[PDB]
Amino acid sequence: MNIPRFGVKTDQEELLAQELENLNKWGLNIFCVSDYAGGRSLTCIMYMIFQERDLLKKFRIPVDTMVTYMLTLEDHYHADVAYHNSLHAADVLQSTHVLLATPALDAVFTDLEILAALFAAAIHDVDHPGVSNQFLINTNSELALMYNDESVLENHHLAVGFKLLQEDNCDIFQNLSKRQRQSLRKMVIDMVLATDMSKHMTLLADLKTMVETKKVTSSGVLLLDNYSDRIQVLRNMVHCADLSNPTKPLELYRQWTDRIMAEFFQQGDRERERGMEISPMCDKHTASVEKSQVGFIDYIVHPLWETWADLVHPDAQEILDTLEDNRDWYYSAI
């Protein structure tokens, strides 16, 4: 097969090249990347991030195998879902790619731990049906039964992400050793399960505790001596990336917000149709986009990021400021 310059076919290679100069920046505009990448934002951004970090050479990942898996992974995100489609995956991946390069964590993680984190981010919402875990539980769906109503979607994302490695020429980990494959899998399972919003409060509580006894070197670089601390940082890193929409430039944040509300509202219309209790913020007849974001930032997003900023101080001060600015805008927009 053919491997394009930026991993995917494009009729606007120059505009795409232009946007990709921001690959390692929080400011990257994934929406434009998607437009130029013909909708293959995940395959493109992932291809570029792996080249950027020299991961193909580092783990002896055949390039055609990488692109085949990525195309397959992206193909398994639902285009008919407003928010949880491949664009969200590409964004969380790209965001994680940036957070991994934070000064406070320089030289902290191995290439394998880095590989695991990016893979986790890329597959964290694959095959998402566009409805919450509770909806699946309330409808007695096959998935909820399969996973005992516990982290239903998250368990499914993991099962799919790993299963797709078995389609023709899709095993990107074929050349890793057995111990590396098992370590990677353990870390990935840990990170994706941590994206289940019902674990948010506990996660944040444990993160604050960790920040309390935070260890640093002379340069100000975090000191993570044991696996426990490294994976805890990685769990929270992916979680933050998953909830980074409010920390991005207002122009992008607003687009992300319209997508999530559209997905929520459709779940609500369906719950109404089936005579089900309408989930929080899913009733378009009463829910407010602006009101919801202010609350979301006030009680979920700002507390999380404020703690993250604390952990890698002062690396995320700018991100925090933007979040507060966006909070101000939505509040005044009410």
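Numbering starts at 1 and follows the sequence shown.
For the stretches 207 to 215 and 150 to 158, which has the higher mean C-alpha B-factor as given in the deposited record? Per the PDB record, 207 to 215.
Comparing 125 to 133 with 99 to 107, which has the greater mean CA B-factor as deposited? On average, C-alpha B-factors are higher across 99 to 107.
Out of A144, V192, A116, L222, which residue has the highest Cα temperature factor in the PDB record? Each of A144, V192, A116, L222 was compared by C-alpha B-factor; the highest is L222.
What's the residue among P303, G268, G295, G38 with the greatest CA temperature factor in the PDB record? Answer, based on the entry's C-alpha B-factors: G38.
Comparing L250 with the other modelled residues of its chain, is its CA B-factor in the lowest, middle or highest third? As the PDB entry reports it, the C-alpha B-factor of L250 lands in the highest third of its chain.
Mind checking which third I30 falls in for C-alpha B-factor across the chain? Middle third by C-alpha B-factor.
Going by what the PDB entry lists, where does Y77 fall on CA B-factor within its chain: lowest, middle or highest third? Lowest third of the chain for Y77's C-alpha B-factor.
Using the B-factors in the PDB entry, rank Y227's C-alpha atom against the chain and give the third, lowest, middle or highest. For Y227, the deposited C-alpha B-factor lands in the highest third.
What third of its chain's C-alpha B-factors does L42 belong to: lowest, middle or highest? Lowest third.
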